[PDB]
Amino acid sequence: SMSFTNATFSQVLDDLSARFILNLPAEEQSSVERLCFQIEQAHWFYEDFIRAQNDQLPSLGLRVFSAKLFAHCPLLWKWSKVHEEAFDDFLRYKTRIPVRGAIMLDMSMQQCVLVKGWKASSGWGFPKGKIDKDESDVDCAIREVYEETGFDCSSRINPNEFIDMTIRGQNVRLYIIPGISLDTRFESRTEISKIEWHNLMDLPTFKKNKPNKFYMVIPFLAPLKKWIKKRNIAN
């Protein structure tokens, strides 16, 4: 779409409040837990879709975003009536679902591996998934990458090299793995429609000011870009 390419930040908060918060059912209106879910859905909508049409809009953490949305519409002020930090405190200590995966880069660090579902609505994303009980964070990333791309990264994954991202109520950690051969034959062990290399500079917002279907990719482009730059300067 283009509906946000010319919106101010205020007009974006206007849309996100009518789209997610203001018109909820009576009970979903009534619980702090229910509001956080809708705020997290809105934050994901802003980071994944709206910033793509307009990277002049800043990327924001969930807590800072929620604070600006809260200060935007006084109809939500009933919820921090007695404790102002209550809604931030709930967001801050809320236990979310851990999902783990990997950003696999080629040797030149200009391409990455993305997976697409079967549906036309499904967008490209990094191989990732929810953790099993007692599964370590690294074993989950290894299992998810191998289950979706058929590639075993257990010998090249670096447990200290990852990007953390709280998004859509998920605690997402993607480990960065460079040096993958472009000859790598991908196949799905599963759900997954295709696995493909994409050029990083073709992904939305990766270029400085150059505004098509991606899920939970764009929020990682800025920290990945810094990571590649630091390694690029080092080499």
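Residues carry their position along the shown sequence, with the first being 1.
Asks: Is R189 unbuilt in at least a third of the other PDB entries compared?
Replies: Comparison shows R189 dropped in at least a third of the other entries.
Asks: Check whether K81 has no coordinates in at least a third of the other compared PDB entries of this protein, counting only entries that model residues on both sides of it.
Replies: Yes, left without coordinates in at least a third.
Asks: Taking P211 and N212 as adjacent modelled residues, how many residues of the deposited sequence between them have no coordinates (none, 1 to 3, 4 to 9, 10 or more)?
Replies: In the record, 4 to 9 residues between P211 and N212 lack coordinates.
Asks: Does the chain run continuously from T190 to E191, or are deposited residues unmodelled in between? Answer none, 1 to 3, 4 to 9, or 10 or more.
Replies: Missing residues, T190 to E191: 1 to 3.
Asks: Where do the C-alpha atoms have the higher mean temperature factor in this entry, in 223-231 or in 16-24?
Replies: Averaged over C-alpha atoms, the B-factors run higher in 223-231.
Asks: If you take the mean CA temperature factor per stretch, which one wins between 33-41 and 165-173?
Replies: Per the PDB entry, the higher value belongs to 33-41.
Asks: Which of these has the highest Cα B-factor in the record: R51, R185, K68, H198?
Replies: The listed residue with the largest C-alpha B-factor is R185.
Asks: If you check the C-alpha B-factor for each of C73, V115, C112, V145 in the entry, which is highest?
Replies: In this record, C73 carries the highest C-alpha B-factor of the candidates.
Asks: When the modelled residues of the chain are sorted by Cα temperature factor, does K128 land in the lowest, middle or highest third?
Replies: Answer is lowest: the recorded C-alpha B-factor places it there.
Asks: Of the three thirds of its chain by CA temperature factor, lowest, middle or highest, which one includes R96?
Replies: For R96, the deposited C-alpha B-factor lands in the middle third.
Asks: Can you tell me which third, lowest, middle or highest, the CA B-factor of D139 falls into for its chain?
Replies: CA B-factor rank for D139: middle third.
Asks: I157's Cα B-factor: lowest, middle or highest third of the chain?
Replies: According to the entry, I157 has a C-alpha B-factor in the chain's middle third.
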